[PDB]
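In what follows, a structure is listed as structure tokens, so that the remarks can point back to it.
Indexing begins at 1, ligand by ligand and atom by atom, following the structure's order. These values consider heavy atoms only, across backbone and side chains, with no hydrogens, waters or symmetry-generated copies. Below, read A as the first sequence line, B as the second, and so on, with proteins coming before strands; counting in each chain starts at 1.
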Amino acid sequence: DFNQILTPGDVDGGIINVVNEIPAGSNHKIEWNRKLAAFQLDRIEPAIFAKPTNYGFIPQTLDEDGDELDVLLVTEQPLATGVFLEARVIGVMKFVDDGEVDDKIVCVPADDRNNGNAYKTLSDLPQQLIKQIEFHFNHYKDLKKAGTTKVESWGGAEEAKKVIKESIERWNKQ
Amino acid sequence: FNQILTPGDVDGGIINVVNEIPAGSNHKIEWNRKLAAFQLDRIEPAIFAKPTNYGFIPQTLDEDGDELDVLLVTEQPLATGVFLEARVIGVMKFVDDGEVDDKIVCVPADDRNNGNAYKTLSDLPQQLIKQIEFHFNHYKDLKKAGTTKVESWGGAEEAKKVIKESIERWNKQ
Amino acid sequence: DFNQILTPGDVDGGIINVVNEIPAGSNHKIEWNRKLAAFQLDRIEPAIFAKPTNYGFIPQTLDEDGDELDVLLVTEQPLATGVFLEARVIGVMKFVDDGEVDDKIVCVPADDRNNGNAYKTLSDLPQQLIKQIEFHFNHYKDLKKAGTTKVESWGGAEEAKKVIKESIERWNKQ
Amino acid sequence: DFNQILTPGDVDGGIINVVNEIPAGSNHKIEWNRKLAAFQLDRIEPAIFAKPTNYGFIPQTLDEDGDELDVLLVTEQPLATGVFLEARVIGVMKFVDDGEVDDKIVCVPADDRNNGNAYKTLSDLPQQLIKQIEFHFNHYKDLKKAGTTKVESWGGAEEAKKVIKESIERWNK
Amino acid sequence: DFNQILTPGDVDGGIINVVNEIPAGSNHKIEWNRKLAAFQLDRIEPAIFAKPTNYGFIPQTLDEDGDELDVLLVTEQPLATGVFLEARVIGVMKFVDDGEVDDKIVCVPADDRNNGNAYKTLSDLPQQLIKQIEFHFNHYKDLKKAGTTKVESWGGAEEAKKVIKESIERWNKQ
Amino acid sequence: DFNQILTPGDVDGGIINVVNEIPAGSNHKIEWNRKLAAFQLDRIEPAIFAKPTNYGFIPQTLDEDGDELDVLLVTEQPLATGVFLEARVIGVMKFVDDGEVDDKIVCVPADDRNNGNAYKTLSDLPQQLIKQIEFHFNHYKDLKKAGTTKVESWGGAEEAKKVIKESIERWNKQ
Ligand SMILES: [Ca+2]
Ligand SMILES: [Ca+2]
Ligand SMILES: [Ca+2]
Ligand SMILES: [Ca+2]
Ligand SMILES: [Ca+2]
Ligand SMILES: [Ca+2]
Ligand SMILES: [Cl-]
Ligand SMILES: [Cl-]
Ligand SMILES: [Cl-]
Ligand SMILES: [Cl-]
Ligand SMILES: [Cl-]
Ligand SMILES: [Cl-]
Ligand SMILES: [Cl-]
């Protein structure tokens, strides 16, 4: 159970703990199930909508959807389901999904000796990668029903820190 | 898994399945119930990579004390250790070393890549069935041939009866 | 040089010759360069728009873009660039790309002993696969400029044969 | 056209030229088409019968089936279709396919700095690998009709050289 | 938690229990976190230094570095993080990592029906494979700071058993 | 025959023609054989020395020894053997191999819509990627090293153009 052993980490310093759920490039919707302490394959997504980044969550946080706050974790090679890591916060994708706020914190591994910690801020990523992530989350439910998801904005690390802190308060309330 | 997960909605044909072996792997991985951990029992011959994902239904028992196995069919392989709700589409009636060792045939219950295209065994390519049958008829042949036999392919109602029988065995032990 | 060694094949019988350019799942836009008689990587596409099928062409055909008529070849595992095969015609995607007609013939290998020739008509494919292909071709240029590509409609094998015969005539008269 | 400028190579030295057709692990039956000078996907094979080695041919040879002599090329990672190499001859699989002889020369790359040229005879390979290759070629047409293929025996490099020389004579005539 | 459900196994018979941490070919440094009972991605390594074998540990053992004794597990295809297996001991790599002893037991799966248990000693492996493993561990920290790691020697199964028993005593005395 | 159909391209403009021989991540040493006009697997390299980038050459150029002028082509996903492309020159790895100059032009695809043409100079790349490439070429013959393998410096695109133009002159004189 990750939400009892692991804390959110050093939110003020931008180094947080993240549990990975979905390897980049997978069209398997995998989710940590808090009740069972296990990873569940909710569904198979359309192959054209494979995840453009690794997809994870922050332990001991609560968003508007009742689940832990989501993480877009960018690496060169995909991460397996179920490993956790310390990750550097570099921004936030403000996002609405079916009427509920479901923001996603953008992260890289805190210690990345493959790119030498090259991504320290959101605009260090190629602009075209941001556009692809934006397109993915704007459209990944379109084959069921279009127009229910909306990437609202991209925020820096300080706005991401504020989002994480609010999600921490929700967890502490519950 | 056998403490948190139940077999699920067997009457509705939507069961819980825990994946052990990704499709295409020649690693014989099994959930060790005594230790609550996944064990690589052995490396199989590469020519006998699993033709489908391979898993089990929690809280079920074969007649000989074995878990009730699941052949889970997907386009891309599933990792070891993920669980899912799965649609029962049939049963491979199977004998291994004289022991009944049936395998429930399943797909993910929510498949938005093919739009839940497979609901019965006849929805699958008959040639996929023949490959699965060949695999389980021969995968032990390099050690000793003739010890495994695919007896028949049953529909979803027969599969449900096999699941319910295995639920009873679990309950009684 | 495939346009000299290969004819279109048995168009009336629905078994044609197809030369593969792009493996399914690749975001590399590879095209047969008829002038040089070699395969050219035109550009890298966004990774979110990896090709949903193999992409190929029919020898000795001309569509309106001045290239050979395109083929969407559906297989379980991707086909390498530069291999040719006899393929069963199962339909056609009517398509307009940046002002011009650029229809694509939908094909499977003529001899498929993996699925036992399971796909003979478009209705044999999962509808959700067609919907994914439609979405891909409706959106794959959106990061440069949206609204320039349109999947007009889908036809069956006799409609596809008519398009092939029209492109054979354009080749002969070039 | 590989048969125009590529020769069979140093048959007496056991270092021959091989053109690869099928990557190890592929279920795509790809064949060099001599008349067109291009690689043709003849058919998709059952996924359970993916090739257990790379599959290639010797230029300017002819076996009894009318094509160039086949090569089983063993490597740790698959080779792409259409690459040629100098290969060390380590044995021959004597083979009958649907009535006619279709022997296959067993080779490794002549220059392997990953394993330090570890394989010089068939006995240097894991015996279980040979048994897997034999099973594959004994069964790969079974879903169409069983019993039409037979691995007759395995020979060493000298029998392989004799087979190659007979195939060079067929090409010349 | 592996250190409570698993013993080291049949050390005297050379068949020990091993828990896999890093799949061969991965540049993700994954470690079993004993305090959290979970696998942690410590850092991304340079891709040029992808692990040449699977990398794991023996439960209920301690080496000089304070972690469980390491294992180099050689397989034809990589093993996933988090699986455990009975492994045959075939050798030991004697190794110093920044002034600390950190030997690694060389193992293969005890039941290998793909190669028919072809590897029983180090001399059964290609000598070039050993040289590559040696190169890797002599150089994998070089982009940070070179000259801090040294493969000291390669021992057989009997020396490996002695190393295992010493690590069992260290664990027992903790 | 790529040396007859293709020219070096627009050297002054920095957009040249490149033929790919080796996919990134491959340990297969594949070379275009000018005598036969075909791609040859010269040898299997140690797996620990897989190519860190795609590896290719510029048509109609010669090193001072008669070697074709090599290309390090950087992409996110490996390119297949045998395709050619227009590529942007972004730098040069000055390199000495066995007592001879053996420079390698650093390139990216000229039209990269996955990263949005993010890389125009060497400094645009993560500097840790450069250090990994440097380590690779300094050490890839270490298992049996018969001569120098030394990266002498990293040059910009203007120095790279001078190297290309010198190699065009040698080719024309031959
Ligand atoms: Ca969420
Ligand atoms: Ca069973
Ligand atoms: Ca076109
Ligand atoms: Ca043959
Ligand atoms: Ca250690
Ligand atoms: Ca050179
Ligand atoms: Cl990972
Ligand atoms: Cl998965
Ligand atoms: Cl292919
Ligand atoms: Cl290759
Ligand atoms: Cl595995
Ligand atoms: Cl570093
Ligand atoms: Cl490619």
Side-chain angles (χ1 to χ4, degrees), chain A residues 19-26 54 56 73 75-85 109 114, chain B residues 79, chain C residues 80, chain D residues 19-26 54 56 73 75-85 109, chain E residues 20-31 39-45 50-51 55 78-82, chain F residues 20-32 39-45 50-51 55-58 61-63 65-67 69-72 78-82 92-98 100-105 137 163-164 166-167 170-171:
Chain A
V19 175
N20 194 56
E21 304 162 293
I22 308 178
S26 166
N54 306 288
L73 179 71
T75 58
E76 279 88 42
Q77 295 81 29
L79 202 44
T81 299
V83 298
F84 81 93
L85 73 159
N114 186 56
Chain D
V19 181
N20 193 57
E21 295 159 297
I22 308 175
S26 175
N54 308 282
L73 175 71
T75 63
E76 191 185 354
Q77 299 300 327
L79 203 51
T81 294
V83 168
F84 82 95
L85 76 160
Chain E
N20 191 58
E21 290 165 306
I22 310 175
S26 172
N27 68 326
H28 298 166
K29 179 186 168 65
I30 299 163
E31 194 167 53
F39 291 94
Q40 179 174 356
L41 177 49
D42 291 332
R43 67 174 183 256
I44 311 287
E45 299 287 8
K51 281 310 173 198
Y55 195 94
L79 194 56
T81 295
Chain F
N20 193 59
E21 298 158 298
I22 304 173
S26 176
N27 65 327
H28 294 171
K29 182 189 184 320
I30 298 166
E31 202 180 23
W32 171 253
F39 292 94
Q40 177 175 2
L41 185 134
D42 291 340
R43 63 182 189 253
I44 311 290
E45 301 278 27
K51 289 299 140 193
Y55 197 89
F57 70 98
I58 304 173
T61 60
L62 288 187
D63 266 346
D65 64 296
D67 213 4
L69 179 50
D70 308 310
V71 177
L72 309 183
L79 200 55
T81 298
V92 54
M93 188 182 80
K94 296 290 289 187
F95 186 64
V96 174
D97 188 341
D98 198 37
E100 303 272 7
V101 176
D102 193 24
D103 298 333
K104 313 204 190 298
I105 311 300
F137 282 101
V163 171
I164 295 166
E166 288 167 354
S167 310
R170 288 180 203 111
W171 169 275

Looking at the Ca ion (ligand 6), which N/O/S atom of [X] is the nearest one?
| X | value |
| --- | --- |
| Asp67(F) | OD2 |
| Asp63(F) | OD2 |
| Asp70(F) | OD2 |

Practice task
Answer yes or no: is there a donor N or O on one side and an acceptor on the other, between the side chain of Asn20(F) and the main chain of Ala80(F), under 3.5 Å?
Solution key: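 Checked: pair present.
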Practice task
Ignoring hydrogens and angles, tell me if any N or O in the side chain of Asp102(F) forms a donor-acceptor pair with the backbone of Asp97(F) under 3.5 Å.
Solution key: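 Side chain of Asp102(F) to backbone of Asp97(F): no pair is present.
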Exercise for the section: Assess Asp102(F): does it contribute an N, O or S atom lying under 3.0 Å from the Ca ion (ligand 6)? Expected result: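 It does; at least one qualifying atom falls short of 3.0 Å.
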Handout entry: Any side-chain heavy-atom pair of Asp70(F) and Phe95(F) under 4.5 Å
Key = no
Exercise for the section: Using a 4.5 Å cut-off on heavy atoms from C-beta on, say whether the side chain of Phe84(D) contacts that of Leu41(F). Expected result: no
